[PDB]
J.: 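The structure is given below, and queries will be raised subsequently.
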Amino acid sequence: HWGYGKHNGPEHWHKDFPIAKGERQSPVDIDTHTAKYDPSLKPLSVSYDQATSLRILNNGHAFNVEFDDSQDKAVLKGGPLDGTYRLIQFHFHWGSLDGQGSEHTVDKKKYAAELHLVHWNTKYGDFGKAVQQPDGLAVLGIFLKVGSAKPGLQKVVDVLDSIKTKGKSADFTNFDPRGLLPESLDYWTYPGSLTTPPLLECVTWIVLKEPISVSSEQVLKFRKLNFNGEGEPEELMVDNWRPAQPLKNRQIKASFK
Ligand SMILES: Nc1ccc(/N=N/c2ccc(S(N)(=O)=O)cc2)cc1
Ligand SMILES: [K+]
Ligand SMILES: [K+]
Ligand SMILES: [Zn+2]
C-alpha cells in the first residue's frame, strides 16, 4: 500500500523495500558544475518513428501510456548505452503547484513535472528479465516547465477524463511520443534505480537538459486525476514524486561541453 502520503510515502518505502536505502537510488540532484563532460559518450539515438502505443492506464500512482514492445520499433541507443533498448511505457510525475513536481533536480531546482520514457535492454528478452539486471533499463527523463502549450501532449491530456481513477484504462493507439521531445538531446547520465517501489537498481538514467514547455491548463488536467479508485473518497493525484536521494559513490556525466 505504498503511495505518496504521510503514512505511506517515500520516507516509509524502505520498510517493504530495503533497497530504498541502497547505493544507487534515484532520483538525484544534478549538480551541473560537478558533472563532467564525457568524450567517451557516443551520439544518443532516439528512434521513435515506428512506436505503436496501445493503451493508457491509471495505476493509482501515475498514468502509463503503454507500447507494443513485441517487435523492434521505438528504440533508444547510443550515448552511455551498450546495445539497444526498447520503449515499453511512458508516464509523468508532477506537483500540486507549478513550483514542484520533478524527481530529478538541477542545482536543486524543481521543475513542474518530469516525463519518464522507459526502455528495456533487448539483450534480456523482455522487461521482466531486464529488471533482474544492473543494465536492464534505460529511462529517458524530460523536465516540464509551465509556459507555452505542448501541442503533442494534448491527446494525452484529453483522454485523462476517461481514466480519472485507479484501475481505469482506455485504448490509446497511434500516439507519437516524438511530439514530447525538446529540440536538443543534450543530457546528463548516471546509474540509478526505479523511482517507485520496487526501487530496483537497474537503470541507466539519461536526463535531458532542455525542458519542454506545457501550458498551465495542460498540467492542471494532470492534477484532476485521482489516486483512489471509482466510488472511493477523492484524493487528487498530485505530488507523485520521490525526492532526490543520496548520490553516494556516483558520478554524473554530461554529453555536452
Ligand atoms: N515487479 C515490478 C513492478 C513494477 C515495476 N515498475 N516499473 C517502473 C518503471 C519505471 C519507473 S521510473 N519512475 O521511470 O523510475 C518506476 C517503476 C517494475 C517491476
Ligand atoms: K493526502
Ligand atoms: K500504484
Ligand atoms: Zn517515473
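FYI, side chains are in, hydrogens and waters are out, and symmetry mates aren't considered; it's all heavy atoms of this structure. Numbering of ligands and ligand atoms starts at 1, following listing order. This chain uses plain numbering: 1 for the first residue, then up along the sequence.
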J.: State plainly whether the residues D171 and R55 are in salt-bridge range, i.e. N to O under 4.0 Å.
T.: no

J.: Which atom, among the N/O/S set of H61, is closest to the K ion (ligand 3)?
T.: ND1

J.: Could you please compute the angle at the Zn ion (ligand 4) from NE2 of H91 to NE2 of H93, rounded to 10°?
T.: 100°

J.: Regarding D49 and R178, does a basic nitrogen lie under 4.0 Å from an acidic carboxylate oxygen?
T.: yes

J.: Can you name the N/O/S atom of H116 that is nearest the Zn ion (ligand 4)?
T.: ND1

J.: Under 4.0 Å between a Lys/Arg side-chain N and an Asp/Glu carboxylate O for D107 and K109?
T.: no

J.: Which residue in the set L117, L180, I206 passes side-chain contact (heavy atoms from CB on, under 4.5 Å) when paired with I142?
T.: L117

J.: Flag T196 as yes if one of its N/O/S atoms falls below 3.4 Å of the K ion (ligand 3), otherwise no.
T.: no

